[PDB]
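Shown below, as structure tokens, is a lone chain in the form deposited in one PDB entry; questions about how it binds or moves come after it.
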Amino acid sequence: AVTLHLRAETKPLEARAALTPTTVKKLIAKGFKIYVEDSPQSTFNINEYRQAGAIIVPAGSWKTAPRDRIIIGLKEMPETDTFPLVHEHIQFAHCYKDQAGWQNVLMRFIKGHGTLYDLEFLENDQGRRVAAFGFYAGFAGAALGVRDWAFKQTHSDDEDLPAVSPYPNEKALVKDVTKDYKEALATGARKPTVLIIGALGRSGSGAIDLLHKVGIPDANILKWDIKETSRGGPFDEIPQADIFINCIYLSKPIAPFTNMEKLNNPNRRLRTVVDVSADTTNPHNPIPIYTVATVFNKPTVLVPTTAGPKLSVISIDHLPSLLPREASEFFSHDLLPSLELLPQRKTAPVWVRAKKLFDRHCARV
């Protein structure tokens, strides 16, 4: 009879939810009791949770909720808040990797006799995260990649892709990319060849998924993972592709995929780099041709080349925000097996690892 209480998000702009109406309903089928906070920034209507069996409660009511409820939320809590945290919480606390005030954070739990299970460290036994936002970052990344290539075909070099905003569902995004894509083809541009390094992961998968839905031929989509890069870069297949999408979780050092001298070639076809990895400050960044982390309001940045057509990078570090409903559905569904195991949290190693990680980190203050 586990009880869960979905905290409304307070980080501004944040529209994703850690439980969606669909998983709330699955959870109720399993005998969970579920409270959901009314949150007007959430991309899900409160009515959808109500049809699903949720008990609707006011925003912020977690604070005064009985200490049997598990508080589940997605992003970290207000800085303004300094009161002791008494419940077990599930959330991204962003305090395990020395982000300043991480001690304040843990202090509030220590003083409350409260527990943090950190979404970011829910792993299976082999070290893979159970729930991440990969797919839709890759999906959204690819989609702006296409809109950027398309914009370069229909507008002069001195206009940049304008400021982009989130979409209420996937079908609305695909229609808009599709429209821009068809406009590009009317100018006589060749359909893009799109190179994806790291294609077998979550984001690679989403990228590929977007491209199909948009209508780029399958043979136009090159799908590289470990074995295709193993010789080491730079790779000639990068300047030659129209769009290059870097998905990939960087760990090892690794040689660069491409560099300024290979890209300064008047035979270069590459219009658009979409760095889903966005490991820009890393000293082994496989694509060191840019520095700016782009954002929604300014989604692309020029790569100053001496030769070839105008080349731009997308390096948004918050891509799944483009599609909050779908990023929330896939993530909640990724999380749900482990949620089903909350009645066993005191012995299930997914939950025990996360409690021990918490223990290890409190010992550090």
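Just count from 1 along the sequence shown to find any residue number.
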For 119-127 versus 160-168, entry-based mean Cα B-factors point to 119-127
Stretch with higher mean Cα temperature factor, 145-153 vs 275-283, is 275-283
Per the deposited entry, the peak Cα B-factor within the set 220, 205, 246, 267 goes to 267
Among 58, 53, 320, 40, the highest C-alpha B-factor in the PDB entry belongs to 40
Residue 347: CA B-factor among chain residues, third -> lowest
Temperature factor at the Cα of residue 133, chain-ranked in thirds, falls in the lowest
Entry-reported C-alpha B-factor of residue 19 relative to its chain, by third, is lowest
Entry-reported C-alpha B-factor of residue 139 relative to its chain, by third, is lowest
Tertile call for residue 67 (CA temperature factor, within chain, third-based) is the highest
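Here the subject shifts to the form deposited with a small molecule bound, a form of this protein not shown in this document.
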Within 4.5 Å of the small molecule in the entry with it bound by heavy atoms, the stretch out of 270-278, 209-217, 80-88, 103-111 is 270-278
From 173, 184, 122, 132: within 4.5 Å of the small molecule in the entry with it bound by heavy atoms is 132
Answer key: of 179, 155, 75, 223, within 4.5 Å of the small molecule in the entry with it bound (heavy atoms) is 75
Notebook entry, point to check: Is there a heavy atom of residue 291 lying 4.5 Å or less from a heavy atom of the small molecule in the entry with it bound?
Noted result: no
inquiry  = in the entry with it bound, is there a heavy atom of the small molecule that lies within 4.5 Å of any heavy atom of residue 97, even though the partner is absent here?
reply    = yes
| residue 317, heavy atom within 4.5 angstroms of the small molecule in the entry with it bound | yes
**Message:** Assuming a two-part rigid movement between the shown form and the other one, tell me whether residue 212 and residue 319 share a part.
**Reply:** yes
Against the displayed form, residue 292 vs residue 78 by Cα, in the entry with it bound, with 3 angstroms or more change: pair is closer
